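**Q**
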Amino acid sequence: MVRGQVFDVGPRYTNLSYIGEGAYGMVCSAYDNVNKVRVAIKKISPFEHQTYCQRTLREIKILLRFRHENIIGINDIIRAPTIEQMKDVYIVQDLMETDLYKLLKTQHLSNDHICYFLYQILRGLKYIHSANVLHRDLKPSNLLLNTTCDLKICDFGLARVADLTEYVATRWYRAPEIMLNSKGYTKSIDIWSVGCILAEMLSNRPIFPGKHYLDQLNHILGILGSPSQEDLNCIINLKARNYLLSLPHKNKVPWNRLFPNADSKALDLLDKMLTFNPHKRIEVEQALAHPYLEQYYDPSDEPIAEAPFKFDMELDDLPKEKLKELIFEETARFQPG
Ligand SMILES: c1cc2nc(-c3cn[nH]c3)cnc2[nH]1
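In structure tokens, the structure reads:
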């Protein structure tokens with residue numbers, strides 16, 4: 013009953029309004045007749061692909077266990093009463109006004125707004141990393157804003173525990197380790213993404229907008245300069261590593277040349293986040309404690325996870341039929357009864 017596609021969420025949720033297709037499928041706003049407020053509803057139809065099933069179960073478990081101002085929650089989950097009938101799953105969340113991607117398309121951001129947004133992102137990320145979880149897909153369209161500049165991180169379908185050839189909408193925010201298919205990515209890949217987001221807030225355009233795979237690498241090298249052998253210390257393809265090390269030597273481009281009107285403190289922090297070497301890269305607590313964020317930084321008001329997150333049994337080894345069973349169990353609490 014929307015764009016020709018079924019969206020059965022009534023009778024509680026009425027007055028459907030199409031917002032847009034996303035990672036999982038159709039996203040609509042609806043009127044919650046119980047809470048007398050408009051909400052956002054994700055429709056997911058994952059049960060034919062093993063990876064989508066992973067993503068869905070990942071999203072549900074993470075978001076139901078996390079509790080933080082700067083992280084989207086899950087208000088309700090609608091699905092069929094029997095696992096046989098369950099084809100679609102509807103995830104109900106708070107309706108936000110927009111996301112950072114759209115915002116950066118139309119609006120210029122004051123230095124104080126950039127500073128505050130960055131703080132909220134890192135504050136949320138600090139909690140996520142405290143739960144021993146990597147987000148792995150941080151980007152402007154995954155950062156939601158409400159009417160009063162409150163920021164929430166969303167979409168944890170690609171999240172893993174801190175202990184890939186699938187389609188993604190953009191790779192402009194993926195760390196060099198990820199791009200080079202290394203086997204040992206840590207929490208620092210999220211930090212790299214935030215830096216990219218910081219740079220985009222400062223200029224309203226992406227810092228590394230590659231057209232294709234190898235072009236993505238060239239854009240990075242063109243700004244940061246040629247990587248050393250020590251920078252390329254991850255378990256990576258031997259031929260790909262030799263290729264990078266043989267590319268024309270690039271010098272590092274000064275940040276103030278790319279960002280002439282930016283706060284010098286913002287650029288110093290930006291320099292710490294966009295380091296090629298992951299082990300050189302600044303950590304989330306160190307970023308929060310950077311002078312640029314000093315007016316907001318307060319470790320007494322930055323909640324961490326009560327316990328490190330644990331998918332008690334490992335997930336990507338399970339048949340899609342077993343994952344469906346788990347999704348059914350995790351959503352049983354939201355059923356009438
Ligand atoms: C959960 C996802 C979501 N998305 C939007 C949104 C994104 N762009 N425009 C609205 C608003 N509220 C939301 N709640």
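When the letters of the sequence shown are read in order and numbered with the entry's author numbering, they come out as residues 13 to 175, 184 to 357.
The beta carbon of each residue, even a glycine, is placed where N, CA and C say it ideally should be.
What are the boundary residues of the beta strand (DSSP E) that includes residue 86?
**A** No beta strand (DSSP E) contains residue 86, which DSSP labels as neither H nor E.
**Q** Does the distance between the C-beta of residue 122 and the nearest non-hydrogen atom of ligand 1 fall short of 8 Å?
**A** no
**Q** In the structure shown, what three-state DSSP assignment does residue 52 receive?
**A** strand
**Q** From the DSSP secondary-structure annotation, give me the bridge partner or partners of residue 33.
**A** 38
**Q** Suppose you measure from the CA of residue 165 to the CA of residue 26; what does that come to, to the nearest Å?
**A** 26 Å
**Q** Helix, strand or coil: which one does DSSP assign to residue 172?
**A** strand
**Q** When you measure from the CB of residue 106 to every non-hydrogen atom of ligand 1, does any distance come out below 8 Å?
**A** yes
**Q** Out of 196, 115, 256, which one is the CA nearest neighbour of residue 235?
**A** 196
**Q** Please classify residue 38 as buried or exposed, where buried requires at least 16 neighbouring CB atoms within 10 angstroms.
**A** buried
**Q** If you follow the alpha helix (DSSP H) that residue 72 is in, where does it begin and where does it stop?
**A** 62–77
**Q** Going by DSSP, which residues form a beta bridge with residue 111?
**A** 156
**Q** Cβ atoms of residue 206 and residue 146: under 9 Å apart, would you say?
**A** yes
**Q** Secondary structure at residue 233, three-state DSSP: helix, strand or coil?
**A** helix
**Q** I'd like the list of long-range same chain contacts for residue 152, defined as Cβ closer than 7 Å, with 5 residues on each side in sequence excluded.
**A** The beta carbon of residue 152 sits closer than 7 Å to the beta carbons of 111, 112, 113, 116, 217, 220 from its chain, once the five residues preceding and following it are set aside; these are given in chain order.
**Q** What's the C-alpha gap between residue 204 and residue 231?
**A** 26 Å
**Q** Please state whether the Cβ-Cβ distance between residue 339 and residue 132 is less than 9 Å.
**A** Annotated as distal: residue 339 and residue 132, with beta-carbon spacing of 9 Å or more.
**Q** Starting from residue 163 and walking both ways along the beta strand (DSSP E), at which residues does that stretch end?
**A** Residue 163 -> beta strand (DSSP E) spans 163–165.
**Q** With distance defined between alpha-carbon atoms, name the residue in 282, 343, 344 nearest to residue 124.
**A** 282
**Q** Please report the distance separating the alpha-carbon of residue 181 from that of residue 91.
**A** Here the chain breaks off after 175 and picks up again at 184, leaving residue 181 without coordinates.
**Q** Using 10 angstroms around the beta-carbon of residue 171, count the other beta-carbons present and answer buried if the total reaches 16, otherwise exposed.
**A** buried
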